[PDB]
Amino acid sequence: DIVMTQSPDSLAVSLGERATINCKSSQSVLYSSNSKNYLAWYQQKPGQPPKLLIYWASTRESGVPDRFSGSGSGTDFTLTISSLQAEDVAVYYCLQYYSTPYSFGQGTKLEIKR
């Protein structure tokens, strides 16, 4: 059972600035045969179900703005949102779908800084 750990649990960022979200997997999710990281990032906006943002660690789901970028490999991953916009307020989750049972991180609540 792979455990996903995100940090920070809460993040306050100003409009137009950069937001950084971390996720660590207890075991590597990099598969040797195809060199792919079975790591994905989800965005759950208020009143909506979680939506897929990035998979394979850095591939953006069609429709997702380029300001959302994923990086990392093995056990250390990062989600970066450049130029934060008001609509980006939500809870972000990382997911490992390398081996069942698939598991999410505990989430990072992103809010606009007071």
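Just count from 1 along the sequence shown to find any residue number.
Got a sec? Mean C-alpha B-factor, which is higher, 26 to 34 or 44 to 52? Per the deposited B-factors, the answer is 26 to 34.
Between 7 to 15 and 90 to 98, which has the higher average C-alpha B-factor in the PDB entry? Mean C-alpha B-factor is greater for 7 to 15.
Of the three thirds of its chain by CA temperature factor, lowest, middle or highest, which one includes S103? Tercile = highest for this residue's CA B-factor.
Chain-wide C-alpha B factor ranking for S73, given as lowest, middle or highest third: For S73, whose C-alpha B-factor we compare with every modelled residue in the chain, the answer is the middle third.
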